[PDB]
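Participant: Position 154 (the sequence shown) corresponds to 210 in our numbering; numbering is contiguous. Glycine included, each C-beta is placed from N, C-alpha and C at the ideal position.
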Amino acid sequence: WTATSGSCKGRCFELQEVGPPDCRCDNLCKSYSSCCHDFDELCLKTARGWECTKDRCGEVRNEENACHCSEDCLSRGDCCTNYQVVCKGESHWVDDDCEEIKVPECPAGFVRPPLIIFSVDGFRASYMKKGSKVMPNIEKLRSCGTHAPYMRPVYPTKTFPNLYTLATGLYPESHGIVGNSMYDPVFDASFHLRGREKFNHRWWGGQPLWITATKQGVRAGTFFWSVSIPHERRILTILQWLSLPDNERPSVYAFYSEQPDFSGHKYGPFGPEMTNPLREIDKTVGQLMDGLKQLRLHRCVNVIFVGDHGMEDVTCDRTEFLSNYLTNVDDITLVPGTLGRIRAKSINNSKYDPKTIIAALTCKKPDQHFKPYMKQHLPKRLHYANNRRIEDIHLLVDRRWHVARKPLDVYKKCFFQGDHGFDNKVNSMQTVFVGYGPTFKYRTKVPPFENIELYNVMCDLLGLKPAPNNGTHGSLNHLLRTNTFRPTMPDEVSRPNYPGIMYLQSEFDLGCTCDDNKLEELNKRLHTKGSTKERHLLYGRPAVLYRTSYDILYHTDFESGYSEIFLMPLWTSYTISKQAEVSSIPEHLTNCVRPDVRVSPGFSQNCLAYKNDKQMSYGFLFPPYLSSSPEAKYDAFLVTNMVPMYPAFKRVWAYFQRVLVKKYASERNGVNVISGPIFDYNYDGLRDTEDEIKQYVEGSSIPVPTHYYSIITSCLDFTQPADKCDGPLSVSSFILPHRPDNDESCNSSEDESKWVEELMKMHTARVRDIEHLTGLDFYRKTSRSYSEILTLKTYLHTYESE
Ligand SMILES: *[C@@H]1O[C@H](CO)[C@@H](O[C@@H]2O[C@H](CO)[C@@H](O[C@@H]3O[C@H](CO[C@H]4O[C@H](CO)[C@@H](O)[C@H](O[C@H]5O[C@H](CO)[C@@H](O)[C@H](O)[C@@H]5O[C@H]5O[C@H](CO)[C@@H](O)[C@H](O)[C@@H]5O)[C@@H]4O)[C@@H](O)[C@H](O[C@H]4O[C@H](CO)[C@@H](O)[C@H](O)[C@@H]4O[C@H]4O[C@H](CO)[C@@H](O)[C@H](O)[C@@H]4O)[C@@H]3O)[C@H](O)[C@H]2NC(C)=O)[C@H](O)[C@H]1NC(C)=O
Ligand SMILES: O=C(Nc1ccccc1)c1ccc(-c2cn(Cc3ccccc3)c3ncccc23)c([N+](=O)[O-])c1
Ligand SMILES: [Ca+2]
Ligand SMILES: [Ca+2]
Ligand SMILES: [Cl-]
Ligand code: NA
Ligand code: NA
Ligand SMILES: [Zn+2]
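1) Below 8 Å on the Cβ atoms is my guess for residue 124 versus residue 134; work out the distance and round it to an integer in Å.
2) So residue 464 packs on residue 427, CB below 8 Å; how close in whole Å?
3) Give every residue of the same chain whose Cβ lies closer than 7 Å to the Cβ of residue 479, excluding the five residues on either side of it in the sequence, and list them in chain order.
4) Please state whether DSSP places residue 122 in a helix, a strand or coil.
5) Based on the DSSP output, what are the partners of residue 728 in its beta bridges?
6) DSSP state of residue 699, grouped into three classes?
7) Could you pull the start and end residues of the beta strand (DSSP E) that residue 312 belongs to?
8) Can you have a look at residue 352 and say buried or exposed, based on whether 16 or more other CB atoms are within 10 angstroms of its CB?
9) Is residue 443 a contact residue of ligand 4, with contact defined as CB to any heavy atom under 7 Å?
10) My understanding is that residue 764 touches residue 794, with C-beta atoms under 8 Å, so please give their C-beta distance in whole angstroms.
11) So, is residue 610 buried or exposed, given that buried needs 16 or more other C-beta atoms within 10 angstroms?
12) Do residue 309 and residue 194 have their CB atoms nearer than 8 Å?
13) What is the chain-ordered set of residues for which the beta carbon lies under 6 Å from any non-hydrogen atom of ligand 2?
14) Output needed for residue 812: all residues of its chain with C-beta closer than 6 Å, excluding positions within five of it in sequence on either side, in chain order.
15) Name the one or two DSSP bridge partners that residue 784 has.
16) Kindly list the residues whose CB is nearer than 7 Å to the CB of residue 845, restricted to its own chain and excluding five residues on each side of it in sequence; keep chain order.
17) How would you call residue 429, buried or exposed, if buried means at least 16 neighbouring beta carbons within 10 angstroms?
18) Classify residue 370 as helix, strand or coil using the three-state DSSP reduction.
19) Check residue 265 in the structure and name its three-state DSSP category.
20) Cβ of residue 277 within 8 Å of Cβ of residue 491?
21) Starting from the C-beta of residue 57, find all residues in its chain whose C-beta is less than 7 Å away, skip the five residues before and the five after it, and write them out in chain order.
22) May I ask you to report which of helix, strand or coil DSSP gives residue 523?
23) Please classify residue 420: does DSSP put it in a helix, a strand, or coil?
24) With DSSP run on the structure shown, which of helix, strand or coil describes residue 245?
25) Between which two residues does the alpha helix (DSSP H) harbouring residue 850 extend?
26) Going by other Cβ atoms of all chains shown within 10 Å of its Cβ, with 16 needed for buried, is residue 860 buried or exposed?
27) Can the beta-carbon of residue 783 be found closer than 8 Å to that of residue 772?
28) Leaving out five residues on either side along the sequence, give the residues of the same chain with a beta carbon under 7 Å from the beta carbon of residue 630.
29) Cα-Cα, which of 733, 248, 162 and 579 is closest to residue 391?
30) Could you tell me whether the Cβ atoms of residue 505 and residue 532 are closer together than 8 Å?
31) Please classify residue 86 as buried or exposed, where buried requires at least 16 other C-beta atoms within 10 Å of its C-beta.
32) Whole-angstrom Cβ separation of residue 79 and residue 68, contact assumed at under 8 Å?
33) Between which residues of its own chain and residue 650 is the CB-CB distance below 6 Å, once the five residues before and five after are set aside?
34) Per DSSP, residue 793 forms a beta bridge with which residues?
35) Suppose contacts are defined by Cβ-Cβ distances below 8 Å. Is residue 292 in contact with residue 223 by that definition?
36) Please classify residue 177: does DSSP put it in a helix, a strand, or coil?
Structure representation (structure tokens):
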């Protein structure tokens with residue numbers, strides 16, 4: 057109950073929202089059915105529309121009008137945004153040449169440049185070029201300011217997850233808004249776009265920018281607008297707040313537009329009906345910039361023009377139905393559409409079984425347009441698992457498609473021609489970023505980056521300390537003229553041991569066997585002391601950022617950091633030049649595993665465990681195929697280079713090591729490779745401690761990795777070889793799931809050349825993802841600036857076309 061018979065007189069769009077049952081006048085009162093009786097009349101004025109005309113110039117103030125063209129309007133802060141143009145012979149902001157903003161040019165009393173976030177729903181990245189003829193204001197922001205060719209959304213590429221990721225710097229799994237629709241089993245409550253439960257604060261985790269600001273003494277305009285408040289009024293409200301006295305004026309504001317998304321759903325991303333919505337958004341930007349200029353704030357405010365996700369062509373006929381796969385369709389609840397999430401209809405049904413549901417959805421039709429996953433098997437780059445609100449069974453749906461439970465769901469719910477929600481690597485889901493103002497760079501293009509990074513930068517723009525988040529603070533320093541954040545490298549926590557020869561062959565009883573000169577005996581000794589190390593360890597050794605016990609092991613062809621706790625390398629580093637040759641494993645060495653006399657039997661793996669474990673086989677981190685000489689090849693068979701591998705995974709690994717590394721070395725002019733194991737049994741994206749390992753090689757303390765990574769580095773200038781590179785680096789990485797079957801790849805019974813590379817591409821990763829997963833910190837010794845290295849570590853190679 058609201059006693060809606062109070063009044064909004066002098067309270068219109070008040071910044072502090074008042075406590076029930078007193079009636080509200082804030083920009084969300086409408087959404088809560090709680091505005092005072094006179095809110096429309098006083099606050100949502102519309103008389104005479106939104107623009108000054110010649111005949112209104114110098115009029116007598118009529119308080120009924122939507123905006124004013126009277127003489128006192130500048131001092132009142134409530135002129136129509138085109139007042140000065142119509143009535144004072146001023147030019148529109150868009151018709152002015154752009155001029156570098158070297159320093160903020162702000163009215164007296166401004167403590168810092170204000171930040172205005174202009175967010176547009178469904179603004180696909182290619183709109184910038186394809187709609188450029190009809191978006192002159194946006195194109196001026198873009199060309200004069202700092203812009204990226206696109207910005208990567210988070211998964212799922214829906215509205216609520218992405219806007220809240222913008223506001224927090226957190227993955228949906230950590231902020232809790234994991235879709236537009238959700239069930240939380242602890243609350244036993246549901247969250248929907250329509251309705252009331254979404255207003256409950258217990259859904260919304262992390263700390264959004266407006267709270268970060270408030271807590272640190274920076275005032276914030278309210279970021280949300282009820283849908284029925286028109287755009288022109290949102291802008292006028294913002295411009296009015298900007299006229300408040302110094303002590304009451306916010307420093308951060310957000311505008312939100314539901315366009316072009318709303319139209320895109322109806323007409324497709326490029327439907328001829330889409331030109332008008334883009335025209336109208338541009339007009340709104342025009343109104344803001346003309347209003348800023350009137351207030352002399354156009355060379356003072358930083359403006360961010362940012363989308364939440366793109367939009368793809370999707371029609372009702374491109375719907376796969378679970379009823380064409382499942383006999384038990386009525387025992388499941390599906391969250392449908394551009395992604396699938398499946399749970400049991402009833403928790404009292406103990407005959408519901410996820411294993412058989414997944415199997416019934418796996419590779420059943422030759423052109424199947426979705427792929428089922430247990431959530432923990434999804435590509436790590438999606439970071440979509442560590443939340444009770446994300447169902448165990450997930451469907452990644454092909455771009456352009458929908459998944460639904462039964463055909464009745466679709467035609468008793470063709471309406472739509474566009475949708476979004478797909479994998480955040482998909483080109484059509486990419487969205488936009490432009491920054492314009494004193495704190496951004498002038499006429500600068502920056503590479504594409506992820507939207508999880510923006511919260512840090514918005515905090516920098518406002519002089520705030522960001523709450524803990526998933527951005528990498530400093531990776532977007534290149535966007536900024538000043539206010540950069542100067543990060544330092546994390547301190548190494550554990551220093552390595554450097555063991556020499558300490559054990560005799562006969563002290564080992566591992567059940568391993570192998571069939572195995574003064575010039576070349578000083579030679580082998582120097583290699584084991586680290587003579588070739590500057591060749592194979594190009595960027596310094598990775599730092600270990602947790603407490604552990606490990607050894608550096610040097611060899612002719614590779615260097616490793618060997619964990620005495622996990623009984624295998626944390627990392628193995630090696631360089632393959634363009635000229636290197638692939639050889640095979642000689643017949644007499646096929647099953648060769650050799651004790652490592654630098655490492656105690658007690659801290660080694662044993663061959664007996666693998667013999668006994670009928671499920672588990674083994675692989676090598678440094679590939680024997682790429683040994684530099686028949687004699688160096690013996691190093692590759694050391695028990696300290698060995699890692700546990702399912703036979704099904706060995707097909708993947710062997711193809712990567714035998715074929716792909718050489719291919720990349722040819723294409724990239726040498727590559728440096730760092731590979732290793734990852735353990736993430738609780739799928740939180742973070743390195744497991746030993747007591748978290750759920751699986752071991754049978755009868756042993758050899759822990760089974762959940763994933764294997766590789767980081768592949770070369771020179772960005774591919775005319776220079778990887779090992780002699782004078783400038784910026786180029787990287788691609790992956791985190792391959794360590795699985796006992798290849799069910800994920802529907803083509804796996806074919807030659808590895810038909811499916812393996814496709815799988816690796818799907819599991820492409822950022823170096824930063826691998827950092828979280830291993831507690832390692834890479835690129836410690838380069839000639840590059842740290843901010844540049846941070847940008848490199850956030851890079852994702854996506855394998856989409858242009
Ligand atoms: C992306 O960035 C984020 C943010 O930096 C990273 O997430 C952080 O990771 C930390 C490590 O996992 C985690 O730290 C833990 O916090 C516990 C206290 O948590 C509360 O307080 C914080 C701070 O205000 C708050 O943010 C939390 O909010 C979560 O939970 C509420 C409701 O449940 C949600 O509204 C909200 O969305 C958020 O949920 C998300 O995080 C939680 C984990 O906290 C997940 O479970 C959810 O699924 C969801 O993703 C909380 O309100 C603290 O209690 C923990 O301490 C335990 O572990 C330590 C290890 O040092 C141990 O020493 C302690 O003894 C303690 O153990 C005890 O509890 C155990 C569990 O019950 C039990 O097993 C033991 O036996 C002990 O009794 C821990 O320090 C931090 O909270 C989150 N923050 C956020 C915002 O998510 C994230 O990792 C980054 N991702 C990547 C890939 O890098
Ligand atoms: O209009 C809408 N839906 C809709 C309903 C009916 C018809 C058509 C569209 C609609 C949809 C979303 C939002 C929204 C704004 N912010 C704040 C914000 C965050 C980051 C950067 C800018 C701003 C959010 N933060 C988290 C989640 C959602 C939102 C609003 N909103 O303004 O509150 C309205
Ligand atoms: Ca949206
Ligand atoms: Ca973990
Ligand atoms: Cl959803
Ligand atoms: Na075995
Ligand atoms: Na298969
Ligand atoms: Zn939408």
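Facilitator: Let's see:
1) Correct: roughly 5 Å between the Cβ atoms.
2) In fact, because the Cβ distance is near 24 Å, the residues do not count as touching under 8 Å.
3) Non-local beta-carbon contacts of residue 479 in its own chain, meaning distances under 7 Å to residues more than five positions away in sequence, involve 211 and 452 in chain order.
4) Assigned with DSSP and collapsed to three states, residue 122 falls in coil, not helix or strand.
5) Bridge pairing for residue 728: 631 and 769 [DSSP].
6) Correct three-state label for residue 699: strand.
7) 308-316 is the extent of the beta strand (DSSP E) around residue 312.
8) Exposed is the call here.
9) Here the distance from the Cβ of residue 443 to the nearest heavy atom of ligand 4 is not below 7 Å.
10) That pair is a contact at about 6 Å.
11) Answer is buried; the Cβ neighbour count reaches 16.
12) In this structure, residue 194 does not lie closer than 8 Å to residue 309 by Cβ.
13) Around ligand 2, the residues selected by a Cβ distance under 6 Å to any of its heavy atoms are 173, 175, 215, 216, 219, 220, 222, 223, 279, 280, 281, 283, 310, 312, 314 and 318, following chain order.
14) Answer for residue 812: 708 and 711, listed in chain order.
15) DSSP, once it has assigned bridges, lists no residue as partnering residue 784.
16) Only 835 and 838 meet the Cβ criterion.
17) It is buried - the Cβ of residue 429 has at least 16 other Cβ atoms within 10 Å.
18) In the structure shown, residue 370 sits in coil (DSSP, three-state: anything other than H, G, I, E or B).
19) In the three-state scheme derived from DSSP, where H, G and I count as helix and E and B as strand, residue 265 is classed as helix.
20) Cβ atoms of residue 277 and residue 491: not closer than 8 Å.
21) The beta carbon of residue 57 lies closer than 7 Å to those of 77 in the same chain, with the five residues before and after it left out.
22) Here residue 523 sits in coil by DSSP.
23) In the structure shown, residue 420 sits in coil (DSSP, three-state: anything other than H, G, I, E or B).
24) In the three-state reduction of the DSSP assignment, residue 245 falls in the strand class, which pools E and B.
25) Run containing residue 850: 842-850, per the alpha helix (DSSP H) assignment.
26) Here the chain comprises residues numbered 57 to 858, so residue 860 is not present and cannot be evaluated.
27) Closer than 8 Å, so yes.
28) Within the same chain, residue 630 has close Cβ partners 592, 613, 614, 678 and 729.
29) Of 733, 248, 162 and 579, the residue nearest in Cα terms is 248.
30) Cβ distance < 8 Å, so residue 505 and residue 532 count as in contact.
31) Counting of Cβ neighbours within 10 angstroms places residue 86 among the buried residues, the total reaching 16 or more.
32) With 8 Å as the limit, residue 79 and residue 68 do not qualify as a contact, their Cβ atoms being about 13 Å apart.
33) If we look at residue 650 and ignore the five residues flanking it on each side, its Cβ neighbours are 570, 693 and 694.
34) Note: residue 793 sits in a beta bridge opposite 763.
35) No. Outside cutoff.
36) Strand.
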